[PDB]
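1. the data below comprise the sequence and an experimental structure of the protein.
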2 protein chains.
Amino acid sequence: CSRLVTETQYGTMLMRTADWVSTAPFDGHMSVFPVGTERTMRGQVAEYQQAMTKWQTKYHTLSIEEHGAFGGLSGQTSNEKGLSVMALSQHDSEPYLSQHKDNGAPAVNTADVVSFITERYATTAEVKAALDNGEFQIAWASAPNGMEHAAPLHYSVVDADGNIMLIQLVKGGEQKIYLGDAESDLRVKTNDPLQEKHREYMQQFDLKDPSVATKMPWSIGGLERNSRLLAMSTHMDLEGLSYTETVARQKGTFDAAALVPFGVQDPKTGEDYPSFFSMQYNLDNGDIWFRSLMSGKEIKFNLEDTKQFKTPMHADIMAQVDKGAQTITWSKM
Amino acid sequence: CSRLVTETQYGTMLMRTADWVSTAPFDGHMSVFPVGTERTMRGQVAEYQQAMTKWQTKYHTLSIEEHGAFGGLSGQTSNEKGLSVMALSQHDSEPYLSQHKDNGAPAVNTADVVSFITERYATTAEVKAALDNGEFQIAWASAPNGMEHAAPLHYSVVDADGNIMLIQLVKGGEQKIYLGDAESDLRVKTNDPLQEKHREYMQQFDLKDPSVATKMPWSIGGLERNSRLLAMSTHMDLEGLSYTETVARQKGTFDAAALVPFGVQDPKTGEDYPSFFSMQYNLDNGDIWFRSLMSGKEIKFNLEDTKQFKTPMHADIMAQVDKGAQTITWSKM
C-alpha cells in the first residue's frame, strides 16, 4: 500500500494504492454517510472500558471499504471539508497491538475509525486535539469487525491545506504521532518498517540529486517504495501544467515509484503484493478517481455527486469499474 | 523507449512506449495509408545510389509518427495482416551510421522505412527475404526527412504469429539481423547498449527466480529496462483471465518494468528520458490502444475502423486524446 500527497496550484492531491497478496484479492466498495446520520459502530471493542457505540455524522463522508480480505473495513475516506483519512498495513506494529493502553476515551473499532474521523472532523489539527482531549481513541488491541485478530495498521490524516498526521503504534504499545506538511517526508507513507526505520534508511540518499532514484535499490517492499516515492516526488516539476496534466503527472510518477506488479515475489516475505486498486483525490475540489488494476479501468467522479443522498448508500465500485461502468450505481444500505 | 511482445490466448500483444528528453517533448500523430495509395518518399537518401522514390501501398497501414522532435518520422506501424514494425532509439549505433555500406538496393529514408515495410509485407519472414533479396535497404547513413543528421535507431518487425526480427547497426557499420519468437529474449527491446551487451548483462540473472526483479539495479536506462521487462514478463501469469484482464495485466506489468517518469536524471547521460505516449496492439485482431502519459488518457480503436477510407488520412492523435477525445477525428492528409 502506498500513499503520496502532492501540493499543486490546483489543490492538494493524494494518491493511494491498495496492495495485498494475490491469494486473497482485494475488492473495493464505497459507502456514503450524509450529514446527520445516526451511526452505529461495527464490531466490538471489549478490550477497552468505553465503546464509541454511536455517533452522528457531522461531515458528508465517502468511505472506501476493503471487502476481499478485511471484512469491509474502512481504509480510505474523504469528507466535504477536504479531510482525508487512511489506514495502510504496518506489519511491524503487530507485536505491540495488545499493549496499547486504554486511556478511558470511547474506543472506535478499527473497521470504522477511518470513517469516524472524517465524519467528525475538518482539519488535521482538530483530529490531533480530539485525540489529546480524549474525545475518542483507536481500538488498537481489538479485532476489526468480523475478524479474528487485531490488525496491524498505521493511520494518517491529510487535510486540504496539506497538514499531515501519522499515527503509528510502536514499541511498548506507544501511540506515536508524527506531524508534518505535504512537503515533508510524511507526504509518503507505505508499509513496514516503522517510520523511524524509514528515516534511518533515507539518511544515505541525497534527495536533491536528480539522479538519486537510480542509486536506490528496487523491491516491492514498503522500504523501497517509501524511498522511491520520496525521490521521484522531489523532482516532480509541475510548472506550466494544466489541471489534467498535473493529475496525470502525479499518477505517472506515483505508478513508476510504487505500482506493484503481479508475479514479483518479495524475498523477505516469500510472497507477492500486487496493487489491486488506486484512488486519486483533489482535496480542494472533491475530484475522485477510482482505478482498478485488474481491469485497468477507471472512473472519475466528485464527492459533490453524492451530496444529494439523504440516507447512507453503498456501491460495489471496483466490481462496477471492472465491468465497464462509466457511472456509479448506488444502493440503499 | 521500450517494447514488449506477449503471447496470449487472445492474441499476440505488443506494447511500446515513446520516451524522450523533456526538453524536446514528443507529439504522436497517426496516418492511414489505404491499399493502392501511390506513395512518395519523404526526404532524400543522397548517400545511396538508388532511392525508393515511389511505391504503392499493398497492405492497409496505420502509421504512428513523432512530430515533436523527429519531424514526423514513422516510429510504430501496423497493417491489416497483423504485421507490426517499429523504430526505437539506439544511441550505441551513432558512430557506425556513416559506415553503413550501400548494397545497391533502393534505399528508404528512415522517416518512412517503418511504414514502408508494413505497406509492402505481411510476415516477418517476408521482410527478412526482401532485405536479403535486395528489394530495399534502410538508409542508415542518411538524415531522416527534415533533420540534420543520421539518427541512431534500431528496428524490429513482429508478426501476428509472434515471429520477431531485430535489425541493428553494429561496429564497423555492419547490419546484424537477429531472429526469434515471442518467447525468446527478442520479445523485449529497449535502447542502448546493443543486443550483444544486453545478453551479456543478463547472464548474471536467473529469470526463473520469481524474486529476480528485486535483485536487478533500477535505472531509466535501456539496460535496466531490458532486464526488468524480461524478468517481469517471465512471471506474468495470464491463466484464467478475461481479455480485458489480460490486456490490463500486460499494461501494468510493462508499466512497472519500463514506464519512465519525469524528473529522474540518468547519470550516464545527465538527462532525463520520460515516457510521453504508449501504444498497445493485439496483432491478431486489430485492436489498438493509444495512451498519452501527458494527460493520462487512453483511447481504444481497431484498424478495421479505418478500412473505410479510400485516400490517406491523418490525425493529431496525441493532441486529441489530451483534450479528452473518445474517438479519432480524421482529416484528409
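-> That came through fine. Numbering: from 1, shown residues only, chains lettered A, B, ... in the order given.
2. what segments of the stretch 201-333 of chain A are helices?
-> A:222-234, A:243-258, A:317-322 (DSSP state H, counting those that start in this stretch).
3. residue A:261 against residue A:273, yeah?
-> No - between residue A:261 and residue A:273 there is no contact under Cβ atoms under 8 Å: 9.8 Å. (Each C-beta comes from the backbone N, C-alpha and C, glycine too.)
4. measure the closest residue to residue A:292 other than its chain neighbours to chain B for me?
-> Distances taken as Cβ to Cβ, 6 or more residues apart in numbering or on different chains put residue A:321 closest to residue A:292, at 4.6 Å, once the chain neighbours are dropped. Look at residue A:321 and chain B: by Cβ to the nearest Cβ, to the nearest Å, they are 11 Å apart.
5. which residues touch residue A:321?
-> Neighbouring residues of residue A:321 by Cβ atoms under 8 Å, 6 or more residues apart in numbering or on different chains: A:290, A:291, A:292, A:295, A:297, A:298, A:299.
6. specify which member of the residues you listed is nearest to residue A:48.
-> The closest of the contacts of residue A:321 to residue A:48 turns out to be residue A:290 (Cβ to Cβ; 33.6 Å).
7. thought that closest one was touching residue A:299?
-> Yes - between residue A:290 and residue A:299 there is a contact under Cβ under 8 Å: 5.4 Å.
8. these two: which has the busier surroundings?
-> Set side by side, residue A:290 and residue A:299 show more neighbours around residue A:290, with 22 against 17, by other Cβ atoms under 10 Å in any protein chain shown.
9. beta partners for the more buried one?
-> Residue A:290 has these beta-bridge partners by DSSP bridges: residue A:279, residue A:299.
10. how much space between it and residue A:163?
-> Taking Cβ to Cβ, to the nearest Å as the measure, residue A:290 falls 25 Å from residue A:163.
11. can you check residue A:301 too?
-> 25 Å.
12. so for these two, which sits in the more crowded spot?
-> Set side by side, residue A:301 and residue A:163 show more neighbours around residue A:163, with 21 against 17, by other Cβ under 10 Å.
13. which residues pair with that one across the strands?
-> In this structure, residue A:163 bridges to residue A:181 when assessed by DSSP bridges.
14. for chain B, give me its nearest residue in the stretch 51-200 of chain A.
-> Nearest to chain B in the stretch 51-200 of chain A, going by Cβ to the nearest Cβ, is residue A:188, at a distance of 14.6 Å.
15. for that residue, grab the count of nearby residues.
-> Neighbour count for residue A:188, taken as other Cβ under 10 Å: 24.
16. didn't it look like it was pressed against residue A:231?
-> No - under the criterion of Cβ under 8 Å, residue A:188 makes no contact with residue A:231, lying 9.7 Å away.
17. the nearest residue to residue A:178 once chain neighbours are set aside: what secondary structure?
-> Of all residues beyond its chain neighbours, the one nearest residue A:178 is residue A:166 (4.2 Å), with distances taken as Cβ to Cβ, 6+ apart. Following DSSP: H, G, I helix; E, B strand; the rest coil, residue A:166 is assigned to strand.
18. hmm, back to that, which residue, other than its chain neighbours, is closest to the residue of the stretch 51-200 of chain A closest to chain B?
-> Nearest residue to residue A:188, sequence neighbours excluded (Cβ to Cβ, 6+ apart): residue A:229, at 4.4 Å.
19. any idea how far that neighbour lies from chain B?
-> Applying Cβ to the nearest Cβ to residue A:229 and chain B gives a distance of 11 Å.
20. one more: residue A:249?
-> Residue A:249 sits 7 Å away from chain B, going by Cβ to the nearest Cβ.
21. count of neighbours near that residue?
-> 25.
22. residue A:240 is in contact with that one, correct?
-> No - using Cβ under 8 Å, residue A:249 makes no contact with residue A:240, being 11.1 Å away.
23. in stretch A:137-155, which residues are buried?
-> Buried residues in stretch A:137-155, counting neighbours by 16 or more other Cβ atoms under 10 Å in any protein chain shown, are found at A:137-145, A:147, A:150-155.
24. same deal with stretch A:63-77?
-> A:63-66, A:68-77.
25. quick one, phi psi at residue A:157?
-> With angles defined as degrees, to the nearest 10, residue A:157 sits at phi -130, psi 140.
26. likewise residue A:171?
-> The phi/psi pair for residue A:171 (degrees, to the nearest 10) reads phi -40, psi 130.
27. for the one 5 residues further on, same thing?
-> Residue A:176 adopts backbone torsions of phi -90, psi 140, taken as degrees, to the nearest 10.
28. ok, now residue A:115?
-> Here is the backbone geometry of residue A:115 (degrees, to the nearest 10): phi -70, psi -50.
29. was I right about it contacting residue A:59?
-> No - Residue A:115 is not in contact with residue A:59 according to Cβ under 8 Å; the separation is 10.6 Å.
30. all good on my end, thank you.
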